[PDB]
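Below is one structure, written out as structure tokens; the observations come after it.
Protein chains: 2
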Amino acid sequence: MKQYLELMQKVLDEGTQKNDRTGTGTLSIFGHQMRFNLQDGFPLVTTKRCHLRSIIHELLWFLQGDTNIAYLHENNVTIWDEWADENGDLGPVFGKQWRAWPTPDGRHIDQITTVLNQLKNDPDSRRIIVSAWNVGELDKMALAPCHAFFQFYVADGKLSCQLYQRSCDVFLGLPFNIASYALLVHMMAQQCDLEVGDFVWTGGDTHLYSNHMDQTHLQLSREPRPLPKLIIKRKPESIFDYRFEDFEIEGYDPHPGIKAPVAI
Amino acid sequence: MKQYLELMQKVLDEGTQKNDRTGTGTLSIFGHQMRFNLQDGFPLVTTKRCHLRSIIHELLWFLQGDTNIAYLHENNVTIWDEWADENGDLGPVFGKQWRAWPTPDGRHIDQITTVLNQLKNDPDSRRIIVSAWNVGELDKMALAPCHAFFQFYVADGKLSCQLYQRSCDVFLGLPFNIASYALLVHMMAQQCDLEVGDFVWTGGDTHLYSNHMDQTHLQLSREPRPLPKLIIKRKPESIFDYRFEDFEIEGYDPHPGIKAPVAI
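So the protein sequences, as listed, match chains A and B.
So that you can map any letter, position 118 of the first sequence is 410 in my numbering, and since no number is skipped, the others follow by simple counting.
So that you can map any letter, position 94 of the second sequence is 386 in my numbering, and since no number is skipped, the others follow by simple counting.
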């Protein structure tokens with residue numbers, strides 16, 4: 293997509309050499325923002341083929357609130373295997389905070405239900421927020437949330453969402469981060485009888501790994517194709533009742549897939 | 293400042309009519325970002341005179357962690373009086389979360405000490421974060437935090453900070469929000485033997501109140517003046533030992549002050 297390739301070029305041009313926790317090198321910038329008008333099309337990167345199978349299962353899994361990887365394994369989704377313990381546990385990552393944020397007084401707060409009802413009853417609200425950044429729970433998490441905090445907004449019948457992503461792997465992660473939250477906005481808008489607005493992406497440490505440079509150069513040589521279209525095949529009774537098969541992408545004509553590694 | 297006036301003009305041009313919780317009208321946009329290179333000068337709005345007295349006391353008060361307004365009243369700082377109860381209490385707002393975030397297991401987490409030591413020991417970290425958005429504590433707060441979440445970053449000997457502000461009163465609040473966090477970056481950089489980098493400001497619901505329109509039109513007719521310079525007159529032994537008198541602004545030649553109201 294235009295904004296995505298512009299980000300990649302910016303990191304190339306302006307990024308500074310910066311290492312990650314393993315010692316693996318990157319080029320990094322701090323602070324960036326992009327906006328995707330969801331009525332223009334579904335913002336799935338076209339300059340390489342991006343598969344959404346794991347991303348859809350992951351989002352349904354987040355929304356279900358159980359952080360054991362059993363559901364992912366039931367569907368042969370393996371993207372959290374690296375972080376899970378022998379029993380398949382991850383600690384109180386994403387879904388536990390979205391659905392059952394623990395409080396000092398022993399309650400567990402369902403932020404997703406909170407937001408859905410704010411959107412339906414008080415759409416002007418300036419505090420329609422979900423946070424995964426539960427400071428007390430960070431140490432028990434397999435890793436701290438990268439997509440940490442998000443806010444919804446309603447105007448002129450349209451639902452928008454802004455994500456704050458503290459750390460972003462531009463090449464491997466970001467295409468998927470965009471698609472995941474764009475899907476969530478479509479699901480929430482359907483459930484609230486709203487049209488889709490903008491997905492606004494905001495980054496903190498936004499980086500290209502040094503061993504993604506060949507891939508980045510190739511991708512920047514390609515012209516974006518028309519955005520595809522998301523089809524939701526059925527309207528479920530709530531935000532918690534979506535199924536994998538409810539989602540189809542039409543009109544997706546990407547350039548070929550581009551593989552990239554990780555260090556250990 | 294250029295970026296500030298550009299934001300104001302954007303809200304004028306592109307903002308949509310949107311009411312707040314009291315029913316007071318605004319023009320609103322969702323999602324914006326600005327960057328202030330702190331080596332260029334201290335980013336204090338010059339197109340109207342902005343007083344920093346209350347803002348400096350407020351920041352020292354945040355850093356001290358006690359949310360009773362007694363310290364503010366000791367200095368005749370009245371900007372939190374509206375929200376305080378008969379005993380001067382605000383509930384677990386800002387400073388309580390910065391210095392003593394309560395956890396389910398009964399601990400209280402000092403996020404400011406955490407960050408200072410991350411900056412000194414693990415400056416490459418992508419999770420140097422302070423959050424005020426303690427979901428369990430929102431209901432006891434006098435109001436939910438507007439400046440909700442911030443992240444630090446180090447590269448090339450320079451400390452940067454990004455703020456996520458969920459709700460922003462562009463005319464009355466934003467000049468002060470910018471100055472408060474810019475001061476904090478200077479204080480933290482001094483304590484970590486770092487130079488100052490960028491303050492990156494990110495907004496959610498970013499709005500101009502309808503009864504600030506006369507003022508906005510006047511302000512947009514003025515040309516920004518050179519940025520002033522922050523002087524820290526003494527290096528304290530830690531981030532918790534700063535005093536009001538340690539701070540001076542030099543070279544501040546603003547256009548006259550512009551008064552603006554609020555509804556009740």
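All residues carry an ideal CB built from backbone N, CA and C; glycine is no exception.
Alpha carbon of residue i to alpha carbon of residue j, nearest angstrom
i              : j              : result
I361 (chain B) : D381 (chain B) : 7 Å
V462 (chain B) : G489 (chain B) : 24 Å
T370 (chain A) : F354 (chain A) : 15 Å
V407 (chain A) : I524 (chain B) : 43 Å
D448 (chain A) : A392 (chain A) : 32 Å
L352 (chain A) : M293 (chain A) : 25 Å
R345 (chain A) : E374 (chain A) : 18 Å
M433 (chain B) : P384 (chain B) : 5 Å
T316 (chain B) : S417 (chain A) : 13 Å
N379 (chain A) : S452 (chain A) : 38 Å
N367 (chain A) : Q403 (chain B) : 39 Å
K450 (chain A) : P415 (chain A) : 10 Å
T405 (chain A) : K527 (chain A) : 17 Å
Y501 (chain B) : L299 (chain B) : 14 Å
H400 (chain A) : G428 (chain A) : 14 Å
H365 (chain A) : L522 (chain A) : 25 Å
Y296 (chain A) : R535 (chain B) : 45 Å
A436 (chain B) : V422 (chain B) : 15 Å
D538 (chain B) : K340 (chain B) : 24 Å
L330 (chain B) : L466 (chain B) : 17 Å
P546 (chain B) : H504 (chain B) : 19 Å
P335 (chain A) : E540 (chain B) : 48 Å
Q482 (chain A) : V446 (chain A) : 13 Å
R327 (chain A) : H439 (chain B) : 21 Å
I531 (chain A) : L476 (chain A) : 9 Å
Bounding residues of the beta strand (DSSP E) (the contiguous stretch that carries residue i)
i              : result
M326 (chain B) : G317 to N329
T314 (chain A) : Taken as a continuous stretch (DSSP letters only), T314 (chain A) belongs to no beta strand (DSSP E), as it is neither H nor E.
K527 (chain B) : Counting along the chain, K527 (chain B) falls outside any beta strand (DSSP E), and DSSP gives it neither H nor E.
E537 (chain A) : Premise fails: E537 (chain A) is in no beta strand (DSSP E) and is neither H nor E.
The alpha helix (DSSP H) enclosing residue i, as first and last residue numbers
i              : result
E306 (chain A) : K294 to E306
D506 (chain B) : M505 to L512
Proximity of residue i and residue j at Cβ, strictly below 7 Å
i                     : j              : result
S472 (chain B)        : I550 (chain B) : no
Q511 (chain B)        : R458 (chain A) : no
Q454 (chain A)        : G323 (chain B) : yes
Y456 (chain B)        : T498 (chain B) : no
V337 (chain A)        : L319 (chain A) : no
residue 264 (chain A) : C484 (chain A) : Residue coverage of chain A in this structure runs from 293 to 556, which leaves residue 264 (chain A) outside it and unanswerable.
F468 (chain B)        : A424 (chain B) : no
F441 (chain B)        : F441 (chain A) : yes
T314 (chain B)        : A555 (chain B) : yes
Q507 (chain A)        : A552 (chain A) : yes
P394 (chain B)        : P394 (chain A) : no
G398 (chain A)        : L519 (chain A) : no
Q325 (chain A)        : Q325 (chain B) : yes
Original post:
Which ranges would you report for the alpha helix (DSSP H) in the stretch 413-501 of chain B if only whole runs of at least 4 residues count?
Top reply: 466-483
**OP:** May I have a chain-ordered list of the alpha helix (DSSP H) segments no shorter than 4 residues that lie completely inside the stretch 334-399 of chain B?
**Re:** 345-356, 362-366 and 386-392
Subject >> Short-range partners of chain A found in the stretch 383-399 of chain B, where Cβ spacing is below 9 Å >> reply: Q389, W393, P394, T395, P396, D397, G398 and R399
**OP:** Note down, in chain order, all residues in the stretch 414-426 of chain A with a beta-carbon under 8 Å from any beta-carbon belonging to chain B.
**Re:** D416, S417, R418, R419, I421, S423, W425 and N426
Original post:
Going along the stretch 326-348 of chain A in order, which residues come within less than 8 Å of chain B, judged by CB to CB distance?
Top reply: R327
Original post:
Listed from N- to C-terminal order along the chain, which residues in the stretch 441-472 of chain B have their beta-carbon within a distance smaller than 8 Å of any beta-carbon of chain A?
Top reply: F441, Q443, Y445, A447, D448, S452, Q454, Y456, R458 and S459
Original post:
Listed from N- to C-terminal order along the chain, which residues in the stretch 399-410 of chain A have their beta-carbon within a distance smaller than 8 Å of any beta-carbon of chain B?
Top reply: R399, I401 and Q403
Original post:
What are the residues of the stretch 300-311 of chain A that lie near chain B, defined by any Cβ-Cβ distance shorter than 8 Å?
Top reply: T308, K310 and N311
**OP:** Quick one: which residues of the stretch 490-517 of chain B get their C-beta closer than 8 Å to a C-beta of chain A? List them in chain order.
**Re:** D490, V492, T494, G496 and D497
Subject >> Residues from the stretch 521-545 of chain B in contact with chain A, defined by Cβ distance under 7 Å >> reply: none
Subject >> Within 7 Å of chain B by C-beta, residues of the stretch 349-363 of chain A in sequence order >> reply: none
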